[PDB]
file run-v3.txt (compact mmCIF, C-alpha atoms)
# COMPACT_ATOMS: atom_id res chain seq x y z
CA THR G 1 -11.86 30.06 56.24
CA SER G 2 -8.11 30.63 56.11
CA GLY G 3 -8.62 34.00 57.79
CA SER G 4 -10.29 32.45 60.83
CA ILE G 5 -7.57 29.82 61.23
CA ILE G 6 -4.78 32.40 60.97
CA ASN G 7 -6.54 34.69 63.44
CA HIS G 8 -7.04 31.84 65.92
CA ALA G 9 -3.43 30.67 65.68
CA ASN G 10 -1.93 34.13 66.19
CA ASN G 11 -4.23 35.03 69.09
CA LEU G 12 -3.55 31.69 70.78
CA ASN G 13 0.23 32.19 70.64
CA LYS G 14 -0.10 35.69 72.12
CA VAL G 15 -2.14 34.33 75.04
CA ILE G 16 0.34 31.51 75.71
CA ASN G 17 3.34 33.84 75.59
CA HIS G 18 1.71 36.32 77.96
CA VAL G 19 0.42 33.62 80.33
CA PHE G 20 3.83 31.97 80.71
CA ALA G 21 5.73 35.27 81.05
CA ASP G 22 7.01 36.39 84.48
CA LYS G 23 5.21 34.23 87.07
CA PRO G 24 3.25 31.57 85.14
CA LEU G 25 -0.52 31.57 85.56
CA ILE G 26 -0.62 27.77 85.84
CA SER G 27 0.86 25.91 88.80
CA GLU G 28 3.54 23.25 88.40
CA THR G 29 1.07 20.47 89.27
CA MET G 30 -0.93 20.99 86.08
CA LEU G 31 2.29 21.22 84.05
CA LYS G 32 3.39 17.81 85.33
CA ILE G 33 0.10 16.29 84.17
CA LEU G 34 0.25 17.90 80.73
CA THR G 35 3.92 16.95 80.18
CA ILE G 36 3.51 13.25 81.02
CA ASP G 37 3.53 12.29 77.33
CA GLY G 38 6.72 14.26 76.67
CA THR G 39 5.55 17.57 75.25
CA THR G 40 6.85 20.77 76.82
CA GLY G 41 4.85 22.79 79.32
CA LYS G 42 3.99 25.52 76.83
CA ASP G 43 2.81 23.01 74.22
CA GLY G 44 0.77 20.93 76.66
CA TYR G 45 -1.16 23.95 77.92
CA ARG G 46 -1.70 25.16 74.35
CA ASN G 47 -3.56 22.02 73.22
CA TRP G 48 -5.76 21.99 76.33
CA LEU G 49 -6.89 25.58 75.70
CA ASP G 50 -7.90 24.71 72.14
CA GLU R 1 -2.67 38.40 90.62
CA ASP R 2 -4.01 35.62 88.39
CA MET R 3 -6.83 37.96 87.35
CA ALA R 4 -4.32 40.53 86.10
CA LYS R 5 -2.73 37.81 83.98
CA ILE R 6 -6.08 36.80 82.49
CA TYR R 7 -7.06 40.42 81.86
CA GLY R 8 -3.65 41.12 80.33
CA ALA R 9 -3.98 38.22 77.90
CA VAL R 10 -7.38 39.42 76.67
CA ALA R 11 -6.07 42.96 76.13
CA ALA R 12 -3.20 41.53 74.07
CA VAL R 13 -5.69 39.80 71.75
CA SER R 14 -7.82 42.93 71.38
CA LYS R 15 -4.73 45.01 70.56
CA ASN R 16 -3.87 42.70 67.63
CA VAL R 17 -6.35 44.54 65.37
CA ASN R 18 -4.85 46.03 62.20
CA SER R 19 -5.44 49.68 61.29
CA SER R 20 -4.38 50.29 57.68
CA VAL R 21 -1.62 49.91 55.09
CA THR R 22 0.67 52.46 53.43
CA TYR R 23 2.52 52.12 50.13
CA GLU R 24 3.90 54.18 47.26
CA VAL R 25 2.47 54.13 43.74
CA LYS R 26 5.45 54.41 41.38
CA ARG R 27 4.90 51.68 38.77
CA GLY R 28 4.63 52.97 35.22
CA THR R 29 6.53 56.20 35.93
CA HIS R 30 9.82 56.97 34.17
CA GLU R 31 12.14 59.96 34.34
CA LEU R 32 12.31 62.43 31.46
CA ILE R 33 15.50 63.62 29.78
CA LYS R 34 15.91 66.92 27.94
CA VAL R 35 17.29 67.18 24.39
CA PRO R 36 19.00 70.57 23.94
CA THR R 37 19.51 70.60 20.16
CA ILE R 38 17.48 69.77 17.05
CA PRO R 39 19.20 67.43 14.54
CA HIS R 40 18.80 68.84 11.03
CA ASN R 41 21.32 66.70 9.08
CA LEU R 42 21.77 69.26 6.30
CA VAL R 43 24.88 70.22 4.34
CA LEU R 44 25.16 72.82 1.57
CA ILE R 45 27.27 71.75 -1.43
CA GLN R 46 28.37 74.56 -3.74
CA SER R 47 30.70 74.58 -6.73
CA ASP R 48 33.96 76.51 -6.73
CA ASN R 49 32.69 79.04 -9.27
CA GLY R 50 29.37 79.34 -7.43
CA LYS R 51 27.31 78.52 -10.53
call {"tool": "encode", "arguments": {"input": "run-v3.txt", "output": "structure tokens"}}
result
Amino acid sequence: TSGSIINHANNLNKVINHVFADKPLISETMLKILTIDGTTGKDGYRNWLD
Amino acid sequence: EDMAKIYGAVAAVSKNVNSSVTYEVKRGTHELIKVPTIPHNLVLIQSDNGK
């Protein structure tokens, strides 16, 4: 349903924004792994959570 | 510290719930003007001698 997809997308962005604010929840070692392809740190963590 | 971040993220999701909507119902409504005089459109024609 379009409602479920919209709800999931908005909630996911709120989590990512809060997680990466101030001191990030995820260490720099995991960011290096998730940014090997070329995607940014925020984007790499976002796909893994999904 | 990392627990406060996880707990903060969950509270952000729970706070995203919508309460209600508010709007004005004005469609179909028009203002009213006031006409002060009644048009009669009458004239009295009388001869000079009054006959």
call {"tool": "closest_residue", "arguments": {"input": "run-v3.txt", "among": "G:17, G:29, G:4, G:40", "to": "chain R", "atoms": "all atoms listed in the file"}}
result
G:17
call {"tool": "atom_distance", "arguments": {"input": "run-v3.txt", "atom1": "CA of residue 22 in chain R", "atom2": "CA of residue 14 in chain G"}}
result
25.1 Å
call {"tool": "atom_distance", "arguments": {"input": "run-v3.txt", "atom1": "CA of residue 20 in chain G", "atom2": "CA of residue 9 in chain R"}}
result
10.4 Å
call {"tool": "residues_around", "arguments": {"input": "run-v3.txt", "residues": "residue 30 in chain G", "least_positions_apart": "5", "cutoff": "10 Å", "atoms": "only C-alpha atoms", "output": "mmCIF file with C-alpha atoms, keeping the file's coordinate frame"}}
result
data_model
loop_
_atom_site.group_PDB
_atom_site.id
_atom_site.type_symbol
_atom_site.label_atom_id
_atom_site.label_comp_id
_atom_site.auth_asym_id
_atom_site.auth_seq_id
_atom_site.Cartn_x
_atom_site.Cartn_y
_atom_site.Cartn_z
ATOM 1 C CA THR G 35 3.920 16.950 80.180
ATOM 2 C CA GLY G 41 4.850 22.790 79.320
ATOM 3 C CA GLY G 44 0.770 20.930 76.660
ATOM 4 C CA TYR G 45 -1.160 23.950 77.920
#
call {"tool": "residues_around", "arguments": {"input": "run-v3.txt", "residues": "residue 10 in chain R", "least_positions_apart": "6", "cutoff": "12 Å", "atoms": "only C-alpha atoms", "output": "PyMOL selection string"}}
result
(chain G and resi 11-12+14-16+18-19) or (chain R and resi 3-4+16)
call {"tool": "closest_residue", "arguments": {"input": "run-v3.txt", "among": "G:21, G:9, G:1, G:48", "to": "residue 33 in chain G", "atoms": "all atoms listed in the file"}}
result
G:48
call {"tool": "interface_residues", "arguments": {"input": "run-v3.txt", "of": "chain R", "to": "chain G", "cutoff": "7 Å", "atoms": "only C-alpha atoms", "output": "ChimeraX atom specification"}}
result
/R:2,5,9,12-13
call {"tool": "atom_distance", "arguments": {"input": "run-v3.txt", "atom1": "CA of residue 3 in chain G", "atom2": "CA of residue 24 in chain R"}}
result
26.0 Å
call {"tool": "axis_aligned_box", "arguments": {"input": "run-v3.txt", "around": "range 21-36 of chain G", "padding_each_side": "8 Å", "output": "JSON"}}
result
{"center_x": 3.0, "center_y": 24.8, "center_z": 84.7, "size_x": 23.9, "size_y": 39.1, "size_z": 25.1}
call {"tool": "decode", "arguments": {"input": "run-v3.txt", "residues": "range 3-41 of chain G", "atoms": "C-alpha atoms", "output": "JSON list (two decimals), in the first residue's frame"}}
result
[["chain", "number", "residue", "atom", "x", "y", "z"],
["G", 3, "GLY", "CA", 0.51, 4.50, 2.81],
["G", 4, "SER", "CA", 2.88, 1.87, 4.18],
["G", 5, "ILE", "CA", 5.67, 2.85, 1.77],
["G", 6, "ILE", "CA", 5.31, 6.56, 2.59],
["G", 7, "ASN", "CA", 5.27, 5.81, 6.32],
["G", 8, "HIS", "CA", 8.37, 3.63, 6.07],
["G", 9, "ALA", "CA", 10.30, 6.19, 4.01],
["G", 10, "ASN", "CA", 9.54, 9.11, 6.33],
["G", 11, "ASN", "CA", 10.30, 7.16, 9.52],
["G", 12, "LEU", "CA", 13.56, 5.86, 8.05],
["G", 13, "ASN", "CA", 14.78, 9.37, 7.20],
["G", 14, "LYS", "CA", 13.96, 10.59, 10.71],
["G", 15, "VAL", "CA", 16.00, 7.76, 12.24],
["G", 16, "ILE", "CA", 18.98, 8.40, 9.95],
["G", 17, "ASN", "CA", 18.95, 12.15, 10.62],
["G", 18, "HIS", "CA", 18.78, 11.63, 14.39],
["G", 19, "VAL", "CA", 21.40, 8.85, 14.40],
["G", 20, "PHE", "CA", 23.96, 10.91, 12.47],
["G", 21, "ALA", "CA", 23.33, 14.12, 14.44],
["G", 22, "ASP", "CA", 25.86, 15.28, 17.06],
["G", 23, "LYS", "CA", 28.16, 12.30, 17.75],
["G", 24, "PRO", "CA", 27.25, 9.58, 15.22],
["G", 25, "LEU", "CA", 25.98, 6.29, 16.60],
["G", 26, "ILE", "CA", 28.10, 4.29, 14.14],
["G", 27, "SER", "CA", 31.88, 4.22, 14.29],
["G", 28, "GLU", "CA", 34.07, 5.27, 11.37],
["G", 29, "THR", "CA", 35.11, 1.65, 10.70],
["G", 30, "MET", "CA", 31.61, 0.65, 9.60],
["G", 31, "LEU", "CA", 31.31, 3.82, 7.50],
["G", 32, "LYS", "CA", 34.48, 2.89, 5.61],
["G", 33, "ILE", "CA", 33.01, -0.52, 4.76],
["G", 34, "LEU", "CA", 29.66, 0.90, 3.63],
["G", 35, "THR", "CA", 31.27, 3.66, 1.52],
["G", 36, "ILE", "CA", 33.62, 1.37, -0.43],
["G", 37, "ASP", "CA", 31.35, 1.44, -3.49],
["G", 38, "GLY", "CA", 31.19, 5.24, -3.47],
["G", 39, "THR", "CA", 27.94, 6.08, -1.71],
["G", 40, "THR", "CA", 28.03, 8.54, 1.17],
["G", 41, "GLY", "CA", 28.04, 7.46, 4.80]]
